[PDB]
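First up is the structure itself, then whatever we jot down about it.
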Amino acid sequence: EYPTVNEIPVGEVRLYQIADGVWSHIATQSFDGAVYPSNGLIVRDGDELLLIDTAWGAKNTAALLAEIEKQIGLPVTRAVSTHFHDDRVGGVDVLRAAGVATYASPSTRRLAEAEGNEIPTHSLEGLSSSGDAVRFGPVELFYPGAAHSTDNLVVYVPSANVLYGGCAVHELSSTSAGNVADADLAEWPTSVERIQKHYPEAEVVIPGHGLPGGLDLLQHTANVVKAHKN
Ligand SMILES: NS(=O)(=O)c1cccc(-c2ccc(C3CCNCC3)cc2)c1-c1nnn[nH]1
Ligand SMILES: [Zn+2]
Ligand SMILES: [Zn+2]
């Protein structure tokens, strides 16, 4: 029942319940003349919500906030962007105007600024070394090392054993590595192995794009990246 790309018009946002107090958000966006689905995460934080990643654009992110208001009815107070690309930060200005406190690592902020992308307000220290982990509300943020991008973070929800991989993790049906322009194809398998080692109890793995599954998404991603490399 997870929504697919052809099921979501660009500008609409769907929520999908992953576990008690954990949802993914799914949106679609046009990029270089093709339409892609994209996931983020929502985690209940008492009587508040923590958002992971924008819905890829200003209008999509306004629609995301409206969908959250309708379906969940708890305020989004903080958001974390997991890397500097537009599917993660595009819409930060909408979040900020709506009073959401926006966060990203200094690595992500510098890359977003150099790229001309929207820049989260606050800096997340303690994530600059591969294998670093910090607590942020109801999640753990983990920097696995360079993969899809040099700054990519993953997010674990310990109460639910949910791992959100962002664009460092591909769905099982993936046959291509996506946009690798900012990737480190050689380090990516090592970064995936670090995630595997750190989160062996993950029950659900959510990719940046496409269907959630189990821990197999991690090895599959390393395999996709190796096929791209040669
Ligand atoms: N995050 S990004 O800016 O590099 C991006 C922008 C536009 C399209 C994409 C994009 C996303 C997925 C795909 C493929 C991956 C394999 N399955 C079909 C879609 C292609 C491009 C991406 C991306 N995210 N992760 N990897 N690339
Ligand atoms: Zn990206
Ligand atoms: Zn992406």
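Start at 1 with the first residue, then count along the sequence. Side chains included, hydrogens not; waters and symmetry mates left out as well; all remaining heavy atoms used. Each ligand, and each atom within it, is numbered from 1 in the order the structure gives.
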Return a table of N or O atom pairs, ligand 1 on one side and protein on the other, at distances under 3.5 Å, rounded to 0.1 Å.
| residue | atom | partner | partner atom | Å |
| --- | --- | --- | --- | --- |
| ligand 1 | 1 (N) | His83 | NE2 | 3.4 |
| ligand 1 | 1 (N) | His85 | ND1 | 3.2 |
| ligand 1 | 1 (N) | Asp87 | OD1 | 2.8 |
| ligand 1 | 1 (N) | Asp87 | OD2 | 3.2 |
| ligand 1 | 1 (N) | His148 | NE2 | 3.3 |
| ligand 1 | 3 (O) | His85 | ND1 | 3.3 |
| ligand 1 | 4 (O) | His85 | ND1 | 3.2 |
| ligand 1 | 4 (O) | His148 | NE2 | 3.3 |
| ligand 1 | 4 (O) | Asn179 | ND2 | 2.9 |
| ligand 1 | 24 (N) | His209 | NE2 | 3.0 |
| ligand 1 | 27 (N) | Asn179 | N | 2.9 |

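- Ring geometry for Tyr103 versus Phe136: interplanar angle over 60°, hence perpendicular rather than tilted (30 to 60°).
- A salt bridge links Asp45 with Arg78: the distance from a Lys NZ or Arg NE/NH1/NH2 to an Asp or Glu carboxylate oxygen falls below 4.0 Å.
- The Zn ion (ligand 3) has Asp87 OD2, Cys167 SG, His209 NE2 as protein N, O or S atoms under 2.8 Å away.
- Other members of the hydrophobic cluster containing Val76, listed by chain and number, are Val13, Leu15, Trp23, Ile42, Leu49, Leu51, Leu64, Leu65, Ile68, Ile72, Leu74, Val94, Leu95, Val100; membership follows side-chain contacts under 4.5 Å among ILVMFWY residues, whether direct or relayed.
- When the shell of 6.0 Å around CD of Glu113 is examined, it contains 12 or fewer heavy atoms from other residues, nucleotides or ligands.
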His228 and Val180: CA distance, side-chain angles, deciding distance, side chain to side chain contact (heavy atoms under 4.5 Å, CB included) verdict: CA-CA 9 Å; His228 175 93; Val180 299; 3.5 Å; yes
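- Proximity of a side-chain donor or acceptor of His83 to a complementary backbone N or O of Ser149 within less than 3.5 Å is not detected.
- When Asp53, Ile206, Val139 are each tested for a side-chain contact (heavy atoms from CB on, under 4.5 Å) with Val155, only one passes: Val139.
- Atoms NE2 and SG, on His85 and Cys167 in that order, are 8.5 Å from each other to the nearest 0.5 Å.
- In terms of the side-chain contact (heavy atoms from CB on, under 4.5 Å) criterion, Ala227 has no residue partners (sequence neighbours excluded).
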